[PDB]
Amino acid sequence: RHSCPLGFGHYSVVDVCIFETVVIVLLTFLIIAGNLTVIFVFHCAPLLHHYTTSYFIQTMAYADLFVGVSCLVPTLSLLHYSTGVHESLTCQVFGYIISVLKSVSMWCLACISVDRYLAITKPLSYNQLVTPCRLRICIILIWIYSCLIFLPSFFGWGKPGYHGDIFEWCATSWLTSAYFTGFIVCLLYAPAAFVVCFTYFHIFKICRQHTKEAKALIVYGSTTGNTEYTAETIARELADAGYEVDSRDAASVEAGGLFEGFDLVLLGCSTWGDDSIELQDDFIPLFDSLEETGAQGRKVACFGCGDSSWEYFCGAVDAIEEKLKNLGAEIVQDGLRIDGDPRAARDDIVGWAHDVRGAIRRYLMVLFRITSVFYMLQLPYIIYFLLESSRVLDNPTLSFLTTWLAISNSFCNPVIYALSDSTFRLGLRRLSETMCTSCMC
Ligand SMILES: Cc1cc2nc3c(=O)[nH]c(=O)nc-3n(C[C@H](O)[C@H](O)[C@H](O)COP(=O)(O)O)c2cc1C
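Read left to right, the sequence shown gives residues 24 to 236, 1002 to 1148, 261 to 341 (the entry's author numbering).
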């Protein structure tokens, strides 16, 4: 209370430590609001692509949310409007609950990697091996195991980390054990880091030695032939890449198991309707029975032709994207919306098709990135914890920065999802629309 984290050797019982306070108030609001929306997007999403990976992401989202709600207490201590009672107790609990959560996410990242490893190495075996029962067992085990590797903090085995250095009591009253540090390294950091390292090494080496012929389907609806030209343009672009393309007219296809077999599905539709958004006549039946196509888990993307003079430029691309999202499709890229003549927009269509080919690996890239940013944000804390448990270097400012740089990973996951996952961005947009509906009613 007399000290200050970035206080630079000065002691004054007066200071409110505003710089540290605002940095913490800012990180509390960003960790809560960011993960609240991730959780609400899941709540509104009817079906998912990558059900198990999404379940570990939702667990990480709750873990990160609980960090922010848990970060109200040290923020309350910095404002000290009401500091409650028993600061040392308050501090111990806070340091623990924020140590178990950084581990819950540590294991969810280890499990998502194993999940993707299994989906690649044993693809036929995967669906019997990774089951809802084993997944629920696995997540309950991550919450139980996390509480146990940090439980000796309450049974005089020493302090488990600097998550409590914020409160004055843990800076003076608490001291870390190199035995406790060595035990939690061999039970959390070393095993979870090894798992992630091992799995990603294998999965990325497999993505090299694939040589697997990629089969893509295009289904277009055109009443004047523009989406058909755009489809044909897209097809030639994918064929040039190496794809086995089947471009079919929507009026010639039956909905039943239509997407089955294909690694990529592009859906084209022009927009129609006199004072309405209506789908192209040939697509209307395909859209109404899109359920039967096998859209779940499917890497899909949309494109269409429209006229910008219309209130909803390519409103069909919007309707199709919304249903595909709701059937558990992975929308790998924001839809291509062609204004007037597509023959004039060939460079756009080629560019979009080029990008959609690089958008397939996007789901693996985000998981690897979510993990890569996690380890480089908690690596400083574990190497500072590694040393200061052995007492090699002891700094309150380095403790604050490493601690809150690790506490900062909690708001990073939602910004990676928001600026990389096209299905997520779409779920986020529709969530906003529902908030304005509650606002009206
Ligand atoms: C009745 C009517 C409604 C239309 N509504 C829209 C619209 O809401 N949004 C849009 O972008 N284009 C709209 N258009 C323009 C068509 O989407 C455009 O002509 C398109 O290039 C047709 O492509 P197709 O050849 O693949 O049918 C409309 C055209 C008609 C005749």
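Even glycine gets a Cβ: it sits at the ideal position worked out from N, Cα and C.
Considering only C-alpha positions, which residue in the set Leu326, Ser1064 and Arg1125 is nearest to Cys67? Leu326
Below 6 Å from a heavy atom of ligand 1 - residues by beta-carbon: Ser1010, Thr1011, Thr1012, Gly1013, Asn1014, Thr1015, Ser1058, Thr1059, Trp1060, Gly1061, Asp1062, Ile1065, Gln1068, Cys1093, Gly1094, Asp1095, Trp1098, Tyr1100, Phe1101, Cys1102 and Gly1103
Looking at the unbroken alpha helix (DSSP H) that takes in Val1144, where does it start and where does it end? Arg1134 to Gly1146
What is the residue span of the beta strand (DSSP E) that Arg139 lies within? Unbroken run through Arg139 is the alpha helix (DSSP H), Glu110 to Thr144; no beta strand (DSSP E).
Pull up the CB-CB distance for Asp138 and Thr76, whole angstroms please, since I reckon it's below 8 Å. At roughly 6 Å, the Cβ-Cβ gap stays under 8 Å, so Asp138 and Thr76 are in contact.
Could you pull out every unbroken alpha helix (DSSP H) segment of at least 4 residues lying fully inside the stretch 268-338, listed in chain order? 296-307 and 309-320
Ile47 to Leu95, Cα distance in whole Å? 9 Å
Return the residue from the list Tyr185, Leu152 and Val1053 that minimises the CA-CA distance to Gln1121. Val1053
Just curious, the alpha helix (DSSP H) that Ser200 is in, first and last residue? Note, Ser200: premise wrong, no alpha helix (DSSP H); not H, not E.
Chain-order list of residues whose beta-carbon lies under 6 Å from that of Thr44 (same chain, five-residue window excluded): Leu101
Taking C-alpha atoms, which residue in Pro1130, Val218 and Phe65 lies nearest to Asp1095? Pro1130
Residue ranges of each alpha helix (DSSP H) within the stretch 1037-1083, 4 or longer: 1071-1076
How is the beta strand (DSSP E) around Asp1127 delimited, first residue to last? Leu1124 to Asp1127
With 16 as the cutoff for other CB atoms within 10 Å, does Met335 come out buried or exposed? exposed
At the level of alpha carbons, what is the spacing between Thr1021 and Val1138? 7 Å
I'd like to check one pair, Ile172 with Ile226: are the Cβ atoms closer than 9 Å? no
Status (buried if at least 16 other CB within 10 Å, exposed otherwise) for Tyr1017: Per the 10 Å Cβ criterion, buried.
Just checking my contact of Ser290 with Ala201 at CB under 8 Å: how many whole Å lie between their CB atoms? 5 Å
So what does DSSP say about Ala1117, is it helix, strand or coil? Three-state result, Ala1117: coil.
Does the distance from the C-beta atom of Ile1148 to that of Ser322 stay below 9 Å? Result no, Cβ atoms of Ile1148 and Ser322 do not sit closer than 9 Å.
Is it buried or exposed, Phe89, if we count other Cβ atoms within 10 angstroms and call 16 or more buried? That one is buried.
Short of 6 Å in beta carbon distance, which residues of its chain neighbour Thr302, apart from the five on each side in sequence? Order them along the chain. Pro280, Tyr281 and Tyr284, listed in sequence order.
Whole angstroms are fine: how far does the CA of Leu164 sit from the CA of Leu1124? 44 Å
Could you give the distance in angstroms between the alpha-carbon of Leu287 and the alpha-carbon of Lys182? 14 Å
With a Cβ-Cβ cutoff of 9 Å, do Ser1077 and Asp87 count as a contact? For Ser1077 and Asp87, no; Cβs fall outside 9 Å.
Residues that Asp38 bridges to, as DSSP identifies them: According to DSSP, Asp38 bridges with nothing at all.
From the DSSP output, which residues share a beta bridge with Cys1090? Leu1055
On a Cα-Cα basis, can you pick out the residue from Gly1085, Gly1082 and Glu1066 that is closest to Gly1092? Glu1066
From the DSSP output, read off the bridge partner residues of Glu1032. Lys1003
Stretch-stretch touch, CB-based, cutoff 8 Å, three pairs: the stretch 1032-1052 with the stretch 216-226: no
From the DSSP secondary-structure annotation, give me the bridge partner or partners of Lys228. DSSP lists no partner for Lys228.
Sort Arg1086, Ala1019, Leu147 and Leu1115 by Cα distance to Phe1075 and report the nearest one. Ranking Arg1086, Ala1019, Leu147 and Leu1115 by Cα distance to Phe1075 puts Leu1115 first.
What does the alpha-carbon distance come out to for the pair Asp1070 and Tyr168? Approximately 55 Å, taken between the alpha carbons.
With a cut-off of 8 Å, do at least 3 Cβ pairs link the stretch 1042-1050 to the stretch 1081-1088? The stretch 1042-1050 vs the stretch 1081-1088: in contact.
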